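Some notes on the structure that comes next.
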2 protein chains.
Amino acid sequence: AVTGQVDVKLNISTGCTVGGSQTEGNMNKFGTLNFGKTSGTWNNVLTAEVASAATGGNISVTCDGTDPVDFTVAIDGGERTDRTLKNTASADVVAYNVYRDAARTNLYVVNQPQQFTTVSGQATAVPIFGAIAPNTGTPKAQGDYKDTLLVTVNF
Amino acid sequence: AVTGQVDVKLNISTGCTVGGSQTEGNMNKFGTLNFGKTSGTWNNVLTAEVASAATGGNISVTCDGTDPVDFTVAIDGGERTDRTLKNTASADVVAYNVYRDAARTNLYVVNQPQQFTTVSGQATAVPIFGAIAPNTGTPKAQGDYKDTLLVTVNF
């Protein structure tokens with residue numbers, strides 16, 4: 001019998017809120033990274049942007065304050081922690097990655113707070129640009145591949 | 001004068017130990033559930049994970065032996081027994097809950113042994129995922145809200 005304590009805390013004072021999300025039960029549904037349909041072996045880098053579940057556009061984070069606030073954005077490694085989509089039925093995997101800029105260069109490194117700014121009376125967008133490498137080796141099995149990345153807007 | 005007996009017992013043989021805790025005086029400090037800063041009325045479900053007081057990551061329970069032991073995890077209802085954080089100065093309360101899975105579905109029911117597995121030469125993590133409902137009604141007073149959940153790793 002090892003009984004222990006867990007201090008719970010919350011500082012209600014002046015915070016920042018994330019728009020574009022829908023409450024899926026008790027977990028915020030931020031959006032979808034839909035690469036679309038594809039064949040077994042694709043030569044072009046498959047690339048799609050996150051579509052917020054609430055509006056359809058990009059996640060719009062706004063801060064409830066007057067002065068500028070510097071908030072951070074961190075995305076985790078997915079269900080299996082290595083950013084791989086898994087086929088619903090078979091065990092095939094599809095490696096992918098999420099970048100922050102339009103040219104697939106600034107990668108959202110696993111469990112890292114990619115910095116962000118937010119200004120007076122405005123909603124800043126959180127671009128989560130997906131990208132998949134060209135698979136010109138083995139044709140992955142037919143079906144639907146999925147993953148649930150947990151995006152962590154933290155301060 | 002009602003004098004009575006209390007039998008004390010301890011079976012020293014082959015037990016299981018919880019890592020990630022720090023001994024706060026004579027009580028094991030397991031960790032912190034830090035939801036962060038927030039405004040009076042938040043529309044998004046505030047959500048944070050427990051951070052072990054010893055390492056900063058998740059509580060890592062390991063057992064001492066060779067056969068996989070099945071240990072249980074039970075969390076209580078907090079200081080007031082209804083999972084509410086209380087403002088340090090005023091009497092305002094903030095209802096919350098702790099779940100076991102990443103999607104806020106498998107709730108750690110009050111005083112219930114949520115089952116767990118553990119194999120030899122490995123440490124299993126105890127995910128205590130916090131979650132707070134969207135308060136879009138009354139703005140709670142400014143300040144710090146706290147609670148001390150007692151996590152009970154028992155066999």
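No lab work stands behind these numbers, since they all come straight from the coordinates. Note that each Cβ is placed from the backbone with ideal geometry, even for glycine, and that neighbours are counted across all protein chains shown.
If you scan the range B:63-79, which residues turn out to be surrounded by fewer than 17 Cβ atoms within 10 Å (Cβ to Cβ) and in contact with a strand residue (DSSP E or B) (Cβ under 7 Å, 6 or more places away or on another chain)?
Once the filter is applied, which keeps residues that are surrounded by fewer than 17 Cβ atoms within 10 Å (Cβ to Cβ) and in contact with a strand residue (DSSP E or B) (Cβ under 7 Å, 6 or more places away or on another chain), the range B:63-79 yields B:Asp64, B:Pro68, B:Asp70, B:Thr72, B:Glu79.
Can you find a residue that is in contact with an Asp or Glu (Cβ under 8 Å, 6 or more places away or on another chain), within 15 Å of B:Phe35 (Cα to Cα) and surrounded by 13 or more Cβ atoms within 10 Å (Cβ to Cβ) anywhere in the range B:98-112?
No, the conditions are met nowhere in the range B:98-112.
Quickly run through the range B:125-152 and pick out the residues that are facing chain A (nearest Cβ under 7 Å), closer than 21 Å to B:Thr47 by Cβ and outside any strand (DSSP E or B).
B:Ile128, B:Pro134, B:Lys140
Give the residue, chosen from B:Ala89, B:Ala74, that is touching a residue at least 12 places away in the same chain (Cβ under 8 Å), outside any loop (DSSP other than H, G, I, E, B) and either aromatic (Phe, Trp, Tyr) or out of contact with any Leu (no Cβ under 8 Å at 6 or more places or on another chain) (or both).
Result of the check over B:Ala89, B:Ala74: B:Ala74.
Select from the range B:97-124 the residues that are away from chain A (no Cβ under 12 Å), in contact (Cβ under 8 Å) with a residue 60 or more places away in the chain and either among the aliphatic types (A, V, I, L, M) or part of a strand (DSSP E or B) (or both) and list them in ascending order.
B:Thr118, B:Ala123, B:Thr124
Looking at the range B:21-47, which of its residues are touching a residue at least 40 places away in the same chain (Cβ under 8 Å), surrounded by fewer than 20 Cβ atoms within 10 Å (Cβ to Cβ) and of a type in the set (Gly, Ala, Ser)?
Scanning the range B:21-47 gives B:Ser39, B:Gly40.
Based on this model, can you work out whether B:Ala91 counts as surrounded by fewer than 17 Cβ atoms within 10 Å (Cβ to Cβ), away from every other protein chain (no Cβ under 12 Å) and of a type in the set (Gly, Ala, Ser)? Before the answer, list the steps.
Details: surrounded by fewer than 17 Cβ atoms within 10 Å (Cβ to Cβ): yes; away from every other protein chain (no Cβ under 12 Å): yes; of a type in the set (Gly, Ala, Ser): yes.
Answer is yes for this residue.
Does any residue of the range B:24-47 turn out to be part of a loop (DSSP other than H, G, I, E, B) and at positive phi?
Looking through the range B:24-47, at least one residue is part of a loop (DSSP other than H, G, I, E, B) and at positive phi.
Could you look through the range A:49-71, keep only residues that are outside any strand (DSSP E or B) and hydrophobic (A, V, I, L, M, F, W, C), and pick out the one that is nearest to A:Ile132 (Cα to Cα)?
Ranking the candidates gives A:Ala53 first.
Residues of the range A:125-139 being under 19 Å from A:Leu33 (Cα atoms) and surrounded by 12 or more Cβ atoms within 10 Å (Cβ to Cβ), which ones?
Scanning the range A:125-139 gives A:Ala125, A:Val126, A:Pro127, A:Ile128, A:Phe129, A:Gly130, A:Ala131, A:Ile132, A:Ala133, A:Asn135.
Kindly list the number of the only condition in (1) surrounded by fewer than 16 Cβ atoms within 10 Å (Cβ to Cβ); (2) within 19 Å of the chain's Cα centre (by Cα); (3) part of a strand (DSSP E or B); (4) not acidic (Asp, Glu) that fails for A:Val18.
(1)
Only residues that are more than 7 Å from chain B (Cβ to nearest Cβ) and over 14 Å from the mean Cα position of the chain (by Cα): list them for the range A:23-40, please.
A:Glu24, A:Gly36, A:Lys37, A:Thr38, A:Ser39, A:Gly40
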